[PDB]
Each structure stands twice: as C-alpha cells, then as structure tokens.
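Trainee: First, the structure itself, so that you have it in front of you.
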Amino acid sequence: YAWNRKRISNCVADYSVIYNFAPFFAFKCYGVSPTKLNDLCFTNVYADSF
Amino acid sequence: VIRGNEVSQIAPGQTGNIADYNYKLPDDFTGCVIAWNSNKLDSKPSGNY
Amino acid sequence: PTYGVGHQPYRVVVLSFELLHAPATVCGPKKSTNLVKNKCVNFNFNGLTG
C-alpha cells in the first residue's frame with residue numbers, strides 16, 4: 001500500500017548484473033525482451049519495490 | 001549442469017552467456033529440453049567447485 | 001544448498017531429433033502390418049500417414 005518508487009537517470013544501465021543480485025527464475029517483461037535491453041535505451045527507469 | 005538463471009537461455013534464438021559462449025542451439029531447432037533441480041546432488045555446504 | 005532457488009544447480013538434457021532424410025534408425029513401439037496393394041487403404045510409412 002506504500003510502495004517505493006526510485007528514479008533512475010543519467011547513468012549506464014547493465015541489466016546482466018541483475019541476475020547476480022536476486023535469486024529469481026524469469027526476467028518477465030511485457031513491451032520489450034529481457035535479452036535485448038543492453039542495446040536499445042530509454043529516458044527514465046522507475047523501480048517499484050514491494 | 002547450469003544454474004537456475006540460465007535455463008531460459010537453452011532455447012532457439014537466445015542471447016546471453018551460455019547461449020553465446022557455452023552452448024548454442026540453432027534457429028531451426030527441433031527436439032526437447034528437459035531440466036530439473038539437482039540441489040541435493042551437485043551442491044555441498046562448503047561450496048562445489 | 002543455502003542459496004536461493006534461482007541460483008541452485010540444474011541438470012539439463014537436450015534431445016535433438018534428425019527428421020527423415022535417410023532410412024530411419026530410431027523408431028518407437030508400433031507393430032507392423034502386411035503390405036496390401038491395389039486397394040484404397042490408410043498407410044503409415046515411417047510416421048508418414050496418408
């Protein structure tokens with residue numbers, strides 16, 4: 001009910017180091033593919049943890 | 001033997017570490033993939049190397 | 001063994017099949033039938049049905 005929201009901007013994002021941080025099975029994505037996140041790039045990334 | 005993160009990379013048309021440098025499946029691959037947990041056999045409390 | 005379920009070891013066996021270009025060598029348990037000619041029949045030649 002009080003989920004955090006962290007803004008991520010002005011940095012280089014390496015999405016392959018996420019797998020070494022938490023023990024999860026699938027990097028479930030909807031609009032993109034989890035293996036193509038290192039080539040294309042965005043404006044802002046928002047992280048919501050609950 | 002791989003880890004649980006990289007089971008999704010054993011698939012045709014995949015990009016990662018195992019798919020690019022260890023084990024690559026073709027784009028027109030036909031066949032089956034069978035993966036199962038082996039925590040009780042391939043792991044030790046001191047660390048299997 | 002104290003690691004998470006996403007970092008536990010996993011045994012992977014990949015079975016790759018060669019589709020029919022040569023005479024078949026690996027065929028499963030189906031009994032054969034005597035060949036009949038000059039009659040409208042259903043046929044099953046090495047998995048090719050017709």
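Residue numbers start at 1 in each chain; chains themselves are named A, B, ... in the order of the structure tokens; ligands are numbered from 1 in the order shown.
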List the spatial neighbours of region 1-10 of chain A as a ChimeraX atom specification - criterion: any atom at most 6 Å away, only C-alpha atoms, same-chain residues fewer than 4 positions off excluded.

Mentor: /A:44-50

Trainee: For region 10-20 of chain B, please output as a list in words all residues within 7 Å (counting only C-alpha atoms; exclusion window: fewer than 5 positions along the same chain).

Mentor: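 Final neighbour list, sorted by chain and number: residues 35 of chain A; 25, 26, 27 and 29 of chain B.
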
Trainee: Can those selected residues be exported to a file as a CSV table (one decimal), in the first residue's frame so that it contains C-alpha atoms?

Mentor:
chain,number,residue,atom,x,y,z
A,35,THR,CA,17.9,-10.2,-23.7
B,25,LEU,CA,21.0,-24.0,-30.2
B,26,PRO,CA,20.2,-23.5,-33.9
B,27,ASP,CA,17.3,-21.2,-35.0
B,29,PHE,CA,16.0,-26.5,-33.7

Trainee: Find the residues in chain C near chain A: any atom within 10 Å counts, using only C-alpha atoms. Write them as a PyMOL selection string.

Mentor: chain C and resi 3-8

Trainee: Take the residues from that selection and write them out as a PDB file, in the first residue's frame, keeping N, CA, C and O atoms.

Mentor:
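Written out: again.pdb:
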ATOM      1  N   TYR C   3      21.559 -21.392  -0.807  1.00  0.00           N
ATOM      2  CA  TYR C   3      21.283 -20.381  -1.811  1.00  0.00           C
ATOM      3  C   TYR C   3      19.801 -20.386  -2.186  1.00  0.00           C
ATOM      4  O   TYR C   3      19.031 -21.268  -1.797  1.00  0.00           O
ATOM      5  N   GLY C   4      19.408 -19.379  -2.959  1.00  0.00           N
ATOM      6  CA  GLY C   4      18.045 -19.294  -3.436  1.00  0.00           C
ATOM      7  C   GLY C   4      17.755 -20.306  -4.528  1.00  0.00           C
ATOM      8  O   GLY C   4      18.638 -20.988  -5.048  1.00  0.00           O
ATOM      9  N   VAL C   5      16.469 -20.400  -4.881  1.00  0.00           N
ATOM     10  CA  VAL C   5      16.039 -21.380  -5.872  1.00  0.00           C
ATOM     11  C   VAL C   5      16.463 -20.971  -7.282  1.00  0.00           C
ATOM     12  O   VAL C   5      16.593 -21.829  -8.163  1.00  0.00           O
ATOM     13  N   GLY C   6      16.727 -19.685  -7.514  1.00  0.00           N
ATOM     14  CA  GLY C   6      17.222 -19.238  -8.799  1.00  0.00           C
ATOM     15  C   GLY C   6      18.709 -19.383  -9.001  1.00  0.00           C
ATOM     16  O   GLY C   6      19.194 -19.193 -10.119  1.00  0.00           O
ATOM     17  N   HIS C   7      19.452 -19.711  -7.946  1.00  0.00           N
ATOM     18  CA  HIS C   7      20.891 -19.916  -8.030  1.00  0.00           C
ATOM     19  C   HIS C   7      21.297 -21.359  -7.767  1.00  0.00           C
ATOM     20  O   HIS C   7      22.495 -21.655  -7.730  1.00  0.00           O
ATOM     21  N   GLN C   8      20.337 -22.257  -7.582  1.00  0.00           N
ATOM     22  CA  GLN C   8      20.592 -23.669  -7.359  1.00  0.00           C
ATOM     23  C   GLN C   8      21.003 -24.351  -8.665  1.00  0.00           C
ATOM     24  O   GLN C   8      20.614 -23.903  -9.748  1.00  0.00           O
TER      25      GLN C   8
END

Trainee: Pull out every residue of chain C sitting within 9 Å of chain B, counting only C-alpha atoms, and send them as a short mmCIF file (atom, residue, chain, number, x, y, z; two decimals) with N, CA, C and O atoms, in the first residue's frame.

Mentor:
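So out.cif came out as:
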data_model
loop_
_atom_site.label_atom_id
_atom_site.label_comp_id
_atom_site.auth_asym_id
_atom_site.auth_seq_id
_atom_site.Cartn_x
_atom_site.Cartn_y
_atom_site.Cartn_z
N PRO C 1 23.76 -25.20 -0.71
CA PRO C 1 22.34 -25.54 -0.50
C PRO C 1 21.55 -24.45 0.21
O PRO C 1 20.32 -24.51 0.20
N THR C 2 22.21 -23.47 0.82
CA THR C 2 21.53 -22.35 1.45
C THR C 2 21.21 -21.23 0.47
O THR C 2 20.65 -20.21 0.88
N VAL C 5 16.47 -20.40 -4.88
CA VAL C 5 16.04 -21.38 -5.87
C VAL C 5 16.46 -20.97 -7.28
O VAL C 5 16.59 -21.83 -8.16
N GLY C 6 16.73 -19.69 -7.51
CA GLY C 6 17.22 -19.24 -8.80
C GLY C 6 18.71 -19.38 -9.00
O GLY C 6 19.19 -19.19 -10.12
N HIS C 7 19.45 -19.71 -7.95
CA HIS C 7 20.89 -19.92 -8.03
C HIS C 7 21.30 -21.36 -7.77
O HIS C 7 22.50 -21.66 -7.73
N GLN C 8 20.34 -22.26 -7.58
CA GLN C 8 20.59 -23.67 -7.36
C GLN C 8 21.00 -24.35 -8.67
O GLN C 8 20.61 -23.90 -9.75
N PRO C 9 21.82 -25.41 -8.59
CA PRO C 9 22.20 -26.12 -9.82
C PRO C 9 21.03 -26.85 -10.46
O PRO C 9 20.12 -27.33 -9.79
N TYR C 10 21.08 -26.93 -11.79
CA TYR C 10 20.04 -27.56 -12.59
C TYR C 10 20.70 -28.40 -13.67
O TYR C 10 21.59 -27.93 -14.39
N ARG C 11 20.25 -29.65 -13.78
CA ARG C 11 20.75 -30.58 -14.79
C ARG C 11 19.86 -30.47 -16.03
O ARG C 11 18.63 -30.53 -15.92
N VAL C 12 20.49 -30.30 -17.19
CA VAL C 12 19.80 -30.08 -18.45
C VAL C 12 20.21 -31.16 -19.43
O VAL C 12 21.41 -31.37 -19.66
N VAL C 13 19.22 -31.84 -20.01
CA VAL C 13 19.41 -32.82 -21.07
C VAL C 13 18.59 -32.35 -22.27
O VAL C 13 17.37 -32.17 -22.17
N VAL C 14 19.26 -32.16 -23.40
CA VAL C 14 18.64 -31.71 -24.64
C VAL C 14 18.64 -32.88 -25.61
O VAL C 14 19.70 -33.44 -25.91
N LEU C 15 17.45 -33.25 -26.09
CA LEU C 15 17.29 -34.29 -27.09
C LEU C 15 17.02 -33.62 -28.43
O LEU C 15 16.02 -32.92 -28.60
N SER C 16 17.92 -33.84 -29.39
CA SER C 16 17.81 -33.29 -30.73
C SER C 16 17.49 -34.42 -31.70
O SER C 16 18.16 -35.45 -31.70
N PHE C 17 16.46 -34.22 -32.52
CA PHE C 17 15.98 -35.23 -33.44
C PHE C 17 16.36 -34.86 -34.87
O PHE C 17 16.30 -33.70 -35.26
N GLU C 18 16.75 -35.87 -35.65
CA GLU C 18 17.01 -35.69 -37.08
C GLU C 18 15.79 -36.19 -37.84
O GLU C 18 15.49 -37.39 -37.85
N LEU C 19 15.09 -35.26 -38.50
CA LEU C 19 13.91 -35.63 -39.28
C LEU C 19 14.32 -36.42 -40.52
O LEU C 19 15.48 -36.41 -40.93
#

Trainee: Using DSSP secondary structure from the backbone, list all strand (DSSP E) positions within chain C, as a PyMOL selection string.

Mentor: chain C and resi 9-16+44-45+48-49
